[PDB]
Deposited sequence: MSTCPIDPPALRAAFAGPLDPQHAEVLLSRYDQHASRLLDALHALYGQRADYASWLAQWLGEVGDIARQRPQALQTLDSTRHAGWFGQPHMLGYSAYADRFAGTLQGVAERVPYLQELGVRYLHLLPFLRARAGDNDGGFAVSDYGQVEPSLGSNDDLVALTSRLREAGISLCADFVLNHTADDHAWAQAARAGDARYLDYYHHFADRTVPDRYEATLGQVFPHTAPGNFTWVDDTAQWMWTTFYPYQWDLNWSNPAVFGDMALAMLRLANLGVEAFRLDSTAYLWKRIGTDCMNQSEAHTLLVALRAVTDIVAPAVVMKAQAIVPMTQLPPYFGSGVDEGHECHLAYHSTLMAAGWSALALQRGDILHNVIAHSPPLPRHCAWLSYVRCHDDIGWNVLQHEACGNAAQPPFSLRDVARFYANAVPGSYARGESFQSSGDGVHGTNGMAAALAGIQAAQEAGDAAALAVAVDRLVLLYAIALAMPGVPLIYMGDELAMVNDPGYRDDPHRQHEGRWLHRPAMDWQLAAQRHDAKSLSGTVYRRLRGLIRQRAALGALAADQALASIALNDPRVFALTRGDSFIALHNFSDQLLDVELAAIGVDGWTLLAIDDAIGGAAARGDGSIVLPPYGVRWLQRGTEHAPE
């Protein structure tokens, strides 16, 4: 409890030329950091010494932050990630361009699309053999050799930065691969690193925990080398870190800052809802898990304020707001959170031709805290998790119930008339590319030009929705070219049995070349999306600090989304021509060229109209 001594510990390693700005930020945020750490570790006898030692290390890393990034830290404004020009892209570096140097040479492509936020999937050193597509991390401080070197990472972020692109990287902080140095040291008998994990000799403690835990068989894995049961929420080769140990917090905070110093500007906080373990509970979305994130945010506010934290928490709407900070800490936790509820409702709506479901989600979308926004999306590297919509599926006063079962069966083409070509993964989730799910694949396979045109309208409709949202709209690699499924995985050696590869294709650069050709399918999709991106960028009304709402319409097939007080986006989720009367939405304005009026607004099947 000696603030000046802690401040001195942090200040020591800083250089005089760059100590004032840093110390100024420490002075305004350090208290929140110390309060969070006290709540978590304050009772431990080793707390004070650990704290002063770690702060010194933090100071040393702060000092090492390249000048260009320190400059960014000082010039970037809070809320920068929510400006209308922000557009995201998510891809595997290997699938995209093979290696990190390859990705850097494709930046022009990302620049032309209008990308300003690039999420590269797990590219840090991963477990030998199976590693869940990189999510079993074995070194948080080093790039996977098959992808390149840390030098290539620095050259990539420097290049990205020039093009106005912020690299988002996964920070898998809940668990590490079981061949991570810490885990190997544990396996070797080091009690210091064994304690970086949750380990038990008998199933005595594990069963008590098992009493209230939900399983993502069981939550523990026997390990001969440590001769103990290790907590393994996900794959058996992924050991849950012990965040109740101050050392784990310290070292993980340092790893995060080292990544920030390599150019990482955004952190996708993986499985962040499982961070805190307490018997008698489901060990999910725990109070302390949020305190951990508040502490990591305070660390970034001090050392690398240009960076943002994004929660990866695929949970129902009601459990997302706390990720932006609750009560006293609102605005002091994560900057972004995935709006998975919206993503699943978009597809549910499309399959059911029901815009009322989207009115329901937006109408109930909790208002964003200042300087916080949503990561809106259509697809990603995982299966579509329909269960986050359990609550909305029950219906309410305005929206009758809908069937998650039927929605999943429709996209799995397990029902007669479906234009979808996804596959059930495990209500089981759905695998498949956006174009495969919206009808593009089926139409191409039937060589049915009319159906193709309509399928194209459906894909665009879903993306138009994400693009009108407050935050970062994230395009999943290849959707901009309407790439379809990749059944090749069923032929690949050690990849069959992992159905998600169906929607993890290697980037098709020939298709990409066709983007110029407006008569081609890829070129048609690319142009429609670019048009929305272009219009979005010019609408200050779409900035994340402007309101988001939805006007209740009595025609269930329509969805009216509003931003601020000047923008309205109209959507027809059915295959019928219909119209919306100006009365119902109180308008008479300009029709945006996503491509005026005092007459009703006619919407073609699956059409979208942006009005100012």
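Novice: Can you list the gaps, numbered from 1 on the deposited sequence, where no C-alpha is modelled?
Specialist: According to the deposited record, C-alpha coordinates are absent for 1 to 5, 222 to 226, 437 to 441, 611 to 619, 637 to 644, which together make up the missing parts.
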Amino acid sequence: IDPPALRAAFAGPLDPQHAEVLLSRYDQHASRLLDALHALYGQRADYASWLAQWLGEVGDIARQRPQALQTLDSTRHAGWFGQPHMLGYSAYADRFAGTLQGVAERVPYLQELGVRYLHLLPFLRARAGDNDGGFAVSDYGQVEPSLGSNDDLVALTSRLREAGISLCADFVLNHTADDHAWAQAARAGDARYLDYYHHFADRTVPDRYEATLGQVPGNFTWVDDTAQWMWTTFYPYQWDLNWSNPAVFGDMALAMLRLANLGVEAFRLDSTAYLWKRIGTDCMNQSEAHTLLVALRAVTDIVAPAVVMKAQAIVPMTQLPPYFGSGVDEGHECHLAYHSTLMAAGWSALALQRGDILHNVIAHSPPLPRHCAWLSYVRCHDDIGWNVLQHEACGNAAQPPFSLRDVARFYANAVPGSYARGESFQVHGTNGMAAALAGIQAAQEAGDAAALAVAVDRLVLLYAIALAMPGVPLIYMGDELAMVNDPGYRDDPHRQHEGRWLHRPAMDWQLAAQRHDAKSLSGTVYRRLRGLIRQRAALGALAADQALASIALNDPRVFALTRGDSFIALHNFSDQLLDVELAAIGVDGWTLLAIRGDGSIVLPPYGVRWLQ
From here on, numbers count along this sequence of modelled residues.
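Novice: Mind pulling up the entry and telling me whether 302 to 310 or 395 to 403 has the higher mean Cα temperature factor?
Specialist: The deposited B-factors put 395 to 403 ahead on the C-alpha mean.
Novice: Comparing 289 to 297 with 181 to 189, which has the greater mean CA B-factor as deposited?
Specialist: On average, C-alpha B-factors are higher across 181 to 189.
Novice: If you compare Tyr140, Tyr476, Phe220, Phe81, which has the highest Cα B-factor in the entry?
Specialist: Spelled out: the listed residue with the top C-alpha B-factor is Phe220.
Novice: Among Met230, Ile357, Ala438, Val248, which residue carries the highest C-alpha B-factor recorded in the PDB entry?
Specialist: Among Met230, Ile357, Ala438, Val248, the highest C-alpha B-factor in the entry belongs to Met230.
Novice: Sorting the chain's CA B-factors, does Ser566 end up in the lowest, middle or highest third?
Specialist: Highest third - that is where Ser566 ends up once the chain's C-alpha B-factors are sorted.
Novice: Would you mind checking where the Cα B-factor of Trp54 ranks among the modelled residues of its chain, as the lowest, middle or highest third?
Specialist: Bottom third by C-alpha B-factor.
Novice: So where's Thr341 on the chain's Cα temperature factor ranking, which third?
Specialist: It falls in the middle third of the chain.
Novice: Consider only the C-alpha atoms of the modelled residues in this chain, order them by B-factor as the entry records it, and name the third containing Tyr419: lowest, middle or highest.
Specialist: Its C-alpha B-factor belongs to the middle third of this chain's values.
Novice: Can you work out whether the C-alpha temperature factor of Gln64 puts it in the lowest, middle or highest third of the chain?
Specialist: Middle third - that is where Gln64 ends up once the chain's C-alpha B-factors are sorted.
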